[PDB]
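# Structure assessment
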Amino acid sequence: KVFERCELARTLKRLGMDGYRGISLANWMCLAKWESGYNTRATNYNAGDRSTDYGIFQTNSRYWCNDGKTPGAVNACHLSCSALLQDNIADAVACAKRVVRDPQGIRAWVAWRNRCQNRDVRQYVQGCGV
């Protein structure tokens, strides 16, 4: 499913992402935008290390979910990577909460540093009523 900006904003707020571990809703919106373009079925194979990024937040199979073919991988979210490809983002959200519970927080995603950090991210939630 490809979410529309404000639709996603409201959904994430209902799932309790606003301010989760110090992370504002607009930061989560900026992250989803740059990681998948708000697309829940987005996948990206990393030939360099044999891992794959799954879903709206492009969560990696080496550390977060299990896909069976990633070498030396753990499954910290205790989920099959298939779960991060559903139109219902409840599981992808639960797993992203798990990711930021680690010391790096939101910084775990390099795309956040490149496109969101220190920027005016207000535009991602403007006019959405959240």
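Residues numbered from 1 in each chain as written, not as in the entry; some residues may be left out. Heavy atoms only, no water.

Method of structure determination, per the deposited record: X-ray crystallography was used for this entry, reaching 1.8 Å resolution.

### A few points about the state of the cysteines
Applying the stated rule across the entire model yields 4 disulfides. Disulfide pairing places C6 opposite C128 at an S-S distance of 2.0 Å. Judged by the sign of its S-S torsion, about -65 degrees, the cystine formed by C6 and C128 is left-handed. Of this pair, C6 sits in helix 1 (residues 5–14) while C128 sits in the segment after helix 4 (110–115), and the two are 122 residues apart along the sequence. Overall, the relative accessible area of 17% leaves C6 in the buried class. Sulfur-sulfur distance for the disulfide between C30 and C116 comes to 2.0 Å. Measuring handedness by torsion sign, the sulfur bridge of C30 and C116 sits at about -95 degrees and is left-handed. (Disulfide = S-S within 2.5 Å. Helix = DSSP H or I, 4+ residues; strand = E, 2+ residues; numbered from the N terminus. Buried < 20%, exposed > 50% of the residue type's maximum accessible area, 1.4 Å probe, protein only.)

### Details of the packing of aromatic side chains
What characterises a pair of aromatic rings is the spacing of the ring centres plus the angle enclosed by the ring planes. Per the stated rule, a full pass over the model turns up 2 aromatic pairs. Among the aromatic residues, those joined into a cluster by ring pairs are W28, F57 and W109. The ring of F3 has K1 lying over it, and the distance from NZ or CZ to the ring centre is 4.0 Å. Lying over the aromatic face of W34, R115 brings its terminal NZ or CZ to 4.3 Å of the ring centre. (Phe/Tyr/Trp six-rings, centres within 6.5 Å; stacked < 30°, edge-to-face > 60°. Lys NZ or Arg CZ within 6 Å of the ring centre and 35° of its normal.)

### Regarding the packing of helix 1 against helix 2 (residues 25–36)
Contact pair helix 1 / helix 2: the axes reach a minimum separation of 10 Å and the direction vectors enclose 130 degrees. With respect to helix 2, the element helix 1 is oriented oblique. You can see that helix 1 and helix 2 cross each other, and the crossing is right-handed. Seen from helix 1, the contacting residues are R5, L8, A9, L12 and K13; seen from helix 2, they are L25, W28, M29 and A32. Split into classes, the residues belonging to the contact of helix 1 with helix 2 amount to 7 nonpolar, no polar and 2 charged. (Axes fitted to C-alpha atoms, helices over the stretch in contact; angles between N-to-C directions. Parallel < 35°, antiparallel > 145°, perpendicular 65-115°, else oblique. Left-handed = near helix turned anticlockwise from the far one by under 90°. Contact = heavy atoms within 4.5 Å. Nonpolar A, V, L, I, M, F, W, Y, C, P; charged D, E, K, R; others polar.)

### Section: the pattern of salt bridges
All told, the structure shown has 5 salt bridges when counted by the stated rule. Notably, a salt bridge pairs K1 with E7, separated by 2.9 Å at the nearest N-O pair. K1 gets classed as partly exposed once you look at its relative accessible area, which sits at 33%. Accessibility expressed as a relative area gives 29% for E7, which makes it partly exposed. In this structure, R122 and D120 form a salt bridge, with 3.9 Å as the shortest nitrogen-oxygen distance. (Salt bridge = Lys/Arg side-chain N within 4 Å of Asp/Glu carboxyl O.)

### A few points about the environment of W112
Position of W112 relative to the elements: it lies in helix 4. Along the sequence, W112 and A32 sit 80 residues apart, while their C-alpha atoms lie 9.3 Å from each other. If we ignore the near neighbours within four places in the chain, the residues touching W112 are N27, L31, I106, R107 and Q117. A polar contact is formed between the side chain of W112 and the side chain of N27, at a distance of 3.0 Å. (Polar contact = N/O pair within 3.5 Å; in protein donor to acceptor, adjacent residues only side chain to side chain.)

### Structural notes on the pairing of strand 2 (residues 51–54)
What you see with strand 2 is no split at all: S51 and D53 on one side and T52 and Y54 on the other are buried throughout. Here 4 bridges tie strand 1 (residues 43–46) to strand 2, and the two strands are oriented antiparallel to one another. Bridge pairing links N44 to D53 in strand 2. Taking the residues between adjacent antiparallel strands as the criterion, strand 1 and strand 2 are bridged by 4 residues, where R50 takes a positive phi near 65 degrees. Both strand 2 and strand 3 (residues 59–60) contribute to a ladder of 2 bridges, which runs antiparallel. Bridged to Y54 within strand 3 is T59. The antiparallel hairpin formed by strand 2 and strand 3 contains 4 residues in its connecting segment, where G55 sits at a positive phi of about 85 degrees. (Pairing = 2+ DSSP bridges.)

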